[PDB]
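A.B. asks: One file: input_4.cif (mmCIF, C-alpha atoms).
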```
data_final
#
loop_
_atom_site.group_PDB
_atom_site.id
_atom_site.type_symbol
_atom_site.label_atom_id
_atom_site.label_comp_id
_atom_site.auth_asym_id
_atom_site.auth_seq_id
_atom_site.Cartn_x
_atom_site.Cartn_y
_atom_site.Cartn_z
ATOM 1 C CA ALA Q 1 -23.561 -2.101 -4.209
ATOM 2 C CA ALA Q 2 -23.066 -3.212 -7.768
ATOM 3 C CA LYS Q 3 -20.322 -0.400 -8.642
ATOM 4 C CA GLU Q 4 -18.313 -1.047 -5.509
ATOM 5 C CA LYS Q 5 -18.043 -4.760 -6.413
ATOM 6 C CA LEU Q 6 -16.557 -3.816 -9.969
ATOM 7 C CA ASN Q 7 -13.731 -1.264 -8.727
ATOM 8 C CA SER Q 8 -11.899 -4.230 -6.797
ATOM 9 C CA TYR Q 9 -11.245 -6.065 -10.193
ATOM 10 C CA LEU Q 10 -9.830 -3.118 -12.526
ATOM 11 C CA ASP Q 11 -5.976 -3.129 -11.540
ATOM 12 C CA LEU Q 12 -5.933 -6.881 -12.344
ATOM 13 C CA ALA Q 13 -5.747 -8.246 -16.020
ATOM 14 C CA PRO Q 14 -8.299 -11.129 -16.133
ATOM 15 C CA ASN Q 15 -5.296 -13.443 -16.552
ATOM 16 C CA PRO Q 16 -4.289 -15.493 -13.274
ATOM 17 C CA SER Q 17 -0.558 -15.866 -14.380
ATOM 18 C CA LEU Q 18 -0.153 -12.069 -14.688
ATOM 19 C CA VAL Q 19 -1.880 -11.530 -11.367
ATOM 20 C CA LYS Q 20 0.671 -13.755 -9.564
ATOM 21 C CA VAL Q 21 3.428 -11.503 -11.001
ATOM 22 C CA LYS Q 22 1.601 -8.483 -9.615
ATOM 23 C CA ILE Q 23 1.235 -10.122 -6.248
ATOM 24 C CA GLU Q 24 5.046 -10.907 -6.181
ATOM 25 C CA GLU Q 25 5.831 -7.265 -7.036
ATOM 26 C CA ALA Q 26 3.641 -6.124 -4.216
ATOM 27 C CA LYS Q 27 5.458 -8.476 -1.723
ATOM 28 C CA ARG Q 28 8.951 -6.907 -2.746
ATOM 29 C CA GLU Q 29 7.579 -3.443 -2.256
ATOM 30 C CA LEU Q 30 6.274 -4.293 1.227
ATOM 31 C CA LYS Q 31 9.882 -5.620 2.363
ATOM 32 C CA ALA Q 32 11.642 -2.328 1.170
ATOM 33 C CA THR Q 33 9.208 -0.079 3.045
ATOM 34 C CA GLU Q 34 9.611 -2.191 6.214
ATOM 35 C CA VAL Q 35 13.547 -1.762 6.181
ATOM 36 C CA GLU Q 36 13.154 1.995 5.834
ATOM 37 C CA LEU Q 37 10.867 2.090 8.742
ATOM 38 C CA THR Q 38 13.369 0.070 11.024
ATOM 39 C CA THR Q 39 16.462 2.303 10.264
ATOM 40 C CA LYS Q 40 14.748 5.449 11.113
ATOM 41 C CA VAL Q 41 13.786 4.033 14.280
ATOM 42 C CA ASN Q 42 17.522 3.081 15.524
ATOM 43 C CA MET Q 43 19.347 6.485 14.946
ATOM 44 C CA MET Q 44 17.317 7.508 17.687
ATOM 45 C CA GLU Q 45 19.971 6.707 20.594
ATOM 46 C CA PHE Q 46 23.113 8.973 21.704
ATOM 47 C CA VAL Q 47 22.821 12.735 21.847
ATOM 48 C CA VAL Q 48 24.323 13.611 25.602
ATOM 49 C CA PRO Q 49 24.848 15.944 28.365
ATOM 50 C CA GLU Q 50 23.031 17.546 30.485
ATOM 51 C CA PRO Q 51 20.042 19.740 30.516
ATOM 52 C CA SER Q 52 17.282 19.149 33.299
ATOM 53 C CA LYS Q 53 15.576 16.507 33.322
ATOM 54 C CA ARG Q 54 13.295 19.440 31.731
ATOM 55 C CA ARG Q 55 14.008 22.401 28.792
ATOM 56 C CA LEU Q 56 13.082 25.142 25.584
ATOM 57 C CA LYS Q 57 15.702 26.227 23.171
ATOM 58 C CA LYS T 1 -32.859 1.194 -13.308
ATOM 59 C CA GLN T 2 -30.729 1.670 -16.439
ATOM 60 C CA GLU T 3 -27.372 2.056 -14.482
ATOM 61 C CA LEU T 4 -28.155 -1.029 -12.379
ATOM 62 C CA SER T 5 -28.756 -3.068 -15.450
ATOM 63 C CA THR T 6 -25.294 -2.012 -17.067
ATOM 64 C CA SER T 7 -23.233 -2.723 -13.917
ATOM 65 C CA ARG T 8 -24.812 -6.117 -13.435
ATOM 66 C CA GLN T 9 -23.911 -7.014 -16.958
ATOM 67 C CA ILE T 10 -20.059 -6.199 -16.430
ATOM 68 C CA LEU T 11 -19.803 -8.048 -13.115
ATOM 69 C CA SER T 12 -21.133 -11.116 -14.677
ATOM 70 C CA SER T 13 -17.975 -11.230 -17.052
ATOM 71 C CA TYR T 14 -15.389 -11.386 -14.047
ATOM 72 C CA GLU T 15 -17.451 -13.846 -12.004
ATOM 73 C CA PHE T 16 -17.085 -16.229 -14.929
ATOM 74 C CA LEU T 17 -12.972 -16.522 -14.137
ATOM 75 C CA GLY T 18 -13.724 -18.958 -10.994
ATOM 76 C CA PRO T 19 -13.052 -18.958 -7.159
ATOM 77 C CA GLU T 20 -9.283 -19.250 -7.624
ATOM 78 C CA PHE T 21 -9.188 -15.851 -9.305
ATOM 79 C CA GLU T 22 -11.297 -14.351 -6.552
ATOM 80 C CA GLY T 23 -8.681 -15.719 -4.001
ATOM 81 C CA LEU T 24 -5.932 -14.012 -5.971
ATOM 82 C CA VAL T 25 -7.870 -10.788 -6.108
ATOM 83 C CA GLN T 26 -8.478 -10.939 -2.361
ATOM 84 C CA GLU T 27 -4.687 -11.479 -1.802
ATOM 85 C CA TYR T 28 -3.752 -8.623 -4.038
ATOM 86 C CA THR T 29 -6.148 -6.406 -2.391
ATOM 87 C CA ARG T 30 -4.864 -7.337 1.118
ATOM 88 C CA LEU T 31 -1.205 -6.662 0.084
ATOM 89 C CA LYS T 32 -2.114 -3.198 -1.455
ATOM 90 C CA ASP T 33 -3.906 -2.291 1.661
ATOM 91 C CA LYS T 34 -0.751 -3.182 3.884
ATOM 92 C CA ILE T 35 1.674 -1.165 1.614
ATOM 93 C CA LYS T 36 -0.697 1.750 1.771
ATOM 94 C CA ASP T 37 -0.780 1.474 5.629
ATOM 95 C CA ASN T 38 3.174 1.279 5.921
ATOM 96 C CA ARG T 39 3.669 4.363 3.692
ATOM 97 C CA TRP T 40 1.187 6.131 5.648
ATOM 98 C CA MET T 41 3.151 5.265 8.892
ATOM 99 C CA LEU T 42 6.627 6.475 7.507
ATOM 100 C CA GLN T 43 5.136 9.866 6.496
ATOM 101 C CA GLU T 44 3.830 10.456 9.950
ATOM 102 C CA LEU T 45 7.343 9.748 11.685
ATOM 103 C CA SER T 46 9.312 12.419 9.590
ATOM 104 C CA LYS T 47 7.055 15.348 10.633
ATOM 105 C CA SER T 48 7.983 14.646 14.303
ATOM 106 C CA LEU T 49 11.939 15.554 14.037
ATOM 107 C CA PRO T 50 12.129 18.320 16.572
#
```
Take the structure I supplied and represent it as C-alpha cells, if you would.

C.D. replies:
Amino acid sequence: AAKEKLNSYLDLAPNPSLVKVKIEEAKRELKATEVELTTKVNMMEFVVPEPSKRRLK
Amino acid sequence: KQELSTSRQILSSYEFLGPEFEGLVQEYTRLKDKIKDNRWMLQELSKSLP
C-alpha cells in the first residue's frame, strides 16, 4: 500500500510549472490519436456488386 | 518492517508539495490512462481487415 502510492508520482518533476507542460503535451497527443481513429472508420463505405447476401473466397 | 519504514519516509517528501500538486498529478494520470485506452483501441481495429 505504501509502494503503490509512490509509483503515481515518478513521471512528474516535483515542479508544478513543468507538470502543466506535461499535461498540455498529453492533451495534444490525445487529439492526434482521436483523428486517426475517425479516418479509419470512414473508408469503410463503397465496394459493390453482387454476391449473395452470403459468401467464401 | 525495514521496507515499510523506507517507503513511508519517501512519500512524506511529495506530500509536502500541497493539494494543488495532487490535483495536477490526478489530471496527468487521468490523461495518460485515456491515451493508453485510445492506442489500445486503434491496434485492435487493424487486425480485423479481412

A.B. asks: Carefully work through the PyMOL selection byres ((chain T) within 8 of (chain Q)) for this structure and note down the residues it includes, as a ChimeraX atom specification.

C.D. replies: /T:4,7-8,10-11,14,17,21,24-25,27-29,31-32,34-35,38-39,42

A.B. asks: How big is the axis-aligned box around the listed atoms of range 1-17 of chain Q once 3 Å is added on each side, and where is its centre? Give both in Å to one decimal, as AutoDock Vina command-line options.

C.D. replies:
```
--center_x -12.1 --center_y -8.1 --center_z -10.4 --size_x 29.0 --size_y 21.5 --size_z 18.3
```

A.B. asks: What's the separation between CA of residue 54 in chain Q and CA of residue 46 in chain T, in Å to one decimal place?

C.D. replies: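 A separation of 23.6 Å between them.
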
A.B. asks: Report the distance between CA of residue 33 in chain T and CA of residue 49 in chain T in Å, rounded to one decimal place.

C.D. replies: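 Going from CA of residue 33 in chain T over to CA of residue 49 in chain T, I get 26.9 Å.
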
A.B. asks: For CA of residue 22 in chain T and CA of residue 13 in chain Q, quote the distance in Å rounded to one decimal.

C.D. replies: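 Here the two named atoms are 12.6 Å from each other.
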